[PDB]
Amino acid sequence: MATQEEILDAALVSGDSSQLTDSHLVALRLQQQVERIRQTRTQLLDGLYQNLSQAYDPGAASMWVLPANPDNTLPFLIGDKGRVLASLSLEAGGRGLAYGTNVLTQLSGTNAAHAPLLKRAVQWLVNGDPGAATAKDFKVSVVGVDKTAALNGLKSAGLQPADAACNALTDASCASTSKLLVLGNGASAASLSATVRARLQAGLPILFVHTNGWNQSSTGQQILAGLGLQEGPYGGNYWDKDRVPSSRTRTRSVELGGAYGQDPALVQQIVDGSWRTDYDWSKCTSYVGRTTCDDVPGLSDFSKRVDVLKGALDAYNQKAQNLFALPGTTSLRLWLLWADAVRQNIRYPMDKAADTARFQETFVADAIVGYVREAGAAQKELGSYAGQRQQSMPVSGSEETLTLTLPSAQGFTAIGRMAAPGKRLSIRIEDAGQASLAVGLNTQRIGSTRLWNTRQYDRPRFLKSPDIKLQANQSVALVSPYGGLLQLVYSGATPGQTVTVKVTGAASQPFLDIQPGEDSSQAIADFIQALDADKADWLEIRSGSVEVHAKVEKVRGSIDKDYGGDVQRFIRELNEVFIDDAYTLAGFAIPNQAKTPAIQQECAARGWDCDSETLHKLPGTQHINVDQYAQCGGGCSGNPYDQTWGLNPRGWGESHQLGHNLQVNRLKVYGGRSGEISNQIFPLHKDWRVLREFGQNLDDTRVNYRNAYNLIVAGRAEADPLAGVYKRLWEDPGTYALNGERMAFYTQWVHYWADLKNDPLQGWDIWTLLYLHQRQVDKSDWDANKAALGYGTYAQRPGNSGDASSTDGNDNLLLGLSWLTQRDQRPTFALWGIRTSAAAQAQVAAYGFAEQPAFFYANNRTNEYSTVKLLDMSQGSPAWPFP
C-alpha cells in the first residue's frame, strides 16, 4: 500500500480522498500553508499601513467587499464589528483593490484621514511596492465612474495621474499602456467578469469603487468575481454602520488581516488536539427533550467561527465550483481533505462531556464538506442517519432521464434518485424554460442532529447540503460523503411546467409518485418490490401535493404494527383518510374530484365561486420528514414538518401538523389564542370519519365539552358576561392553554349545521363552506363580490391580522357563520366571550335575520355525535345532561 503522505499528495490534485485517513498529517500540511500565507500577508500589510491612520468610515450607504480564496485575497480594512470594508486581490498573479464605497470622492472630506494610506495602496497597485513613487502623469483609465471626480480623488491623495483617455476594460491596447484601471458600476461590456479577470491576469492593476450605496450591483458583483472577491450580503453596511476608528493600531489591523479566512488558532487547536474540557455544560437548557447550549460561555463564539469556515466553503458549493479544478486553491483543498480524513475516523455516538476531543473535532469537520468534485470519500459510519444499506446501494452506469413537474412558482421537489456515499454523480438540467434551478441533497432540518443531548451526537450536523446552482444544459459532478435524496430547487417557474433531469451514477431509492386520477397500480407494485428488496435506508412518497421523505425502517415499522404488512391499504389510507380528507375539508380544487352535492347546492344557492383554480387552487407541496429525530420535540411544525414515530395515516399528529399549514387568520378566534385550536378540525374530522368508516375510536376525549361548559356558566355570572367567560377561556396566553375547551367552540357549529340540514352526515360541511367563503373574502374583487359574501356594508376588504388583540378573526367567523346559517349568531358568540367589532355587528344587523338564542351542544365523547345534547342557554344555564 502507498503511504498516507503519498495518498494526500495524489488526493490534492484530483480530490480523491477515498484512501485518506491520517487527519493529523493533513492538518500539519494545512498549518504549514496557513503560516506561509500569514507571513506573506503580514509583509504586504506592514508595507501598506506603515504607521498611518487606519481611520476609515464608509457610512451606512456602502457595501461590504469580501475576500474569497484565502491564498490570493485578503482584507484591507476590517471594521470594529468585523465587517470587511475593503479587500485586496492578487488573483491570477495580478494586483487589485476593491472598496465598498467610492472612497475617491471622500479623500478631501469625510475620509481625509485615509488619503495617505490610499496613496500607498495605489503605489502598491501601480508598482507592486507600496513605497515606490508613481511617475508624474502616470496613465489612469477610468471606466464606469466619473473620470474627473476619480482623478481629482487621486490628486487629493498626493498622486499626479493623467487621464489615459481610453477604456482599458474593453480596449486591450489601452490596457497595455495604462498604469491603472479605476472601475465603478457604470461599466458596459460583454463578458464583464471574464474580461476583468483577463486584464488582471495580463497585469493591468485595478481599483474598484462600489458606486451604489448599500444597494447591490449586478455589475459590481461581476467585477468583484473577476478580481476573486465577492459582494457583501443584502443591505450592505446600513444596519451595522461599521467603520475603522482612529484608535485602531497597525498591529491590530495586521493581526486581523493575517488571520482572516484561515482561523489560525483553530488550525493550531486541530493539530494539537487541544480541545476544551471545561465548558460549563450545567448552563445547557432542555426544551421538550431538546438540549441546547447557547448560554454555555464560549460555545457560541466557537460555533460562529466554525460557521465562517462553512460559509466560505459553501460559497463554492453553491456556485457549482470544483475547488479541485481551480488553480491556486491549496488552503481550501487542504481544509476539505482534512475533513474527509476526519470522516474516516468518526465513531458514534459521542457525548459533549465524555468525548470532548472527538466531539469538538467532529463538530468542525461536519461543517467542511466539498460537494462539487469528480471523486471523494464516503464517511465510514453514518450513525443514526443510515447504514450498510445506503453504503452499498447500486448505482446506474448510464444516463437516466426523468421528467419533473414543478407544481408552484418556487420550492423544491424530489427528483426520485439518491447520491450514493462517495460515488461520483453527474446531473444536468434541460428544458428549464424560465425556471432557475439548483440541486440539493436531503431535507433534514439542523435541529434534528441532537448533538447537545447526552450521547446523541450520532449523525452529521449538516445532512442537508447547500443548494447547488444548475445552469441549463451544463453538467455538474457531485460526490457526497453521506449519500442523500436528490431534491430539485426552483424559483421563477411557471406552475405546472416540466423540467428534464439527466443524471448518471445515482442510486434508486424506493419511490412512489401518485397523481390524482391515473393508474398507480404499477407504481405501487414497483414500490412494494423495492421495499421488499430491503436495499435502502431512505425512501420517498409523492402523493398529490404531499412529499414524504422518510427513513425506511420508520415506515415499515408503521406498516407492520398498524397495517399488518398490508402496504396497499397503507397507501390508500395515506391518500384518502389523511391527505384527501384534510384538503377536501378545506374545500380545495382537487383534480377529477367534484364537490359533494350538499356543498355544490349551498354554493350555487349563494352564487359563490367554489371551483375556480384561481381562488381555490391547491397550495404548494407540503413536505414531511419521517426520521429518527426532529427539529424540535418528537415532531416540529413547518414545511417540511418532522415526525419521529413513523407515519400513521390515522394518526392525530399527522393531521394536526398538516392542519397548521392550512390555518388562515380569518378563521381563528382571538388570533394566536386559536393557534393550536383552529387547525384541530382536521384531526377531529378524521377521527369522526374513522369511527364511522372503520369502527375505530381514536382520541375520544380531546374535546372537553364538560369543562368548557363549566368555564361558560361561571363567566356569564359576571356583570359583563362576555368579558367574564372570556378571561376564563381565551385570556390565557399559554400556547396550549385550555386547548380542549377552546376546541369545543369549533365543533359547536358542526352539531349546529348537522341539525340545520337535518342530516347527521353534513355537519362538517360548515367548515368547508367557511373555508370557501374565507378564500373569496381574501382574494375576490372586493366591489364586485362583497354583496354575495355578506360584506356589503364594508367599503374595504376586512383585515387579516393574526394578533390576539384583533377582531379580524372573530368578525369573519361571526359574519360567515351568520351569513351561512341565515341566523344572527351574536348570542352564542357572547356566550363564549368572543368580542366582535362594531362594523361586524353592523353587518350582522343588516342581515335582518332572526336571532339564534344562545345555545350549547354537549357530549360525553368526542367522535360519536349520536349522543350530543342541545342546551337552550337563553334563560339561564341548564344542568349537565349526563348521566
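Position 1 is the first residue in the sequence shown; the rest follow in order.
Of the two segments, 596-604 and 802-810, the one listed with the higher mean B-factor is 802-810 (C-alpha atoms only).
Of the two segments, 351-359 and 220-228, the one listed with the higher mean B-factor is 351-359 (C-alpha atoms only). Of all the options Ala850, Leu48, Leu52, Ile37, the entry's greatest CA B-factor is assigned to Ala850. The PDB entry gives the largest Cα B-factor of the residues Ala112, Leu441, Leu382, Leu74 to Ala112. Ranked against the other modelled residues of its chain, the C-alpha B-factor of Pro827 as given in the entry falls in the highest third. In the deposited entry, the Cα temperature factor of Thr413 sits in the bottom third of values across the chain's modelled residues. Among the modelled residues of the chain, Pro394 sits in the highest third by CA temperature factor in this PDB entry. Per the deposited record, the Cα B-factor of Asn863 falls in the middle third when ranked against the other modelled residues of its chain. Residue-level temperature factors show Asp240 in the lowest third of its chain, judged at the C-alpha atom.
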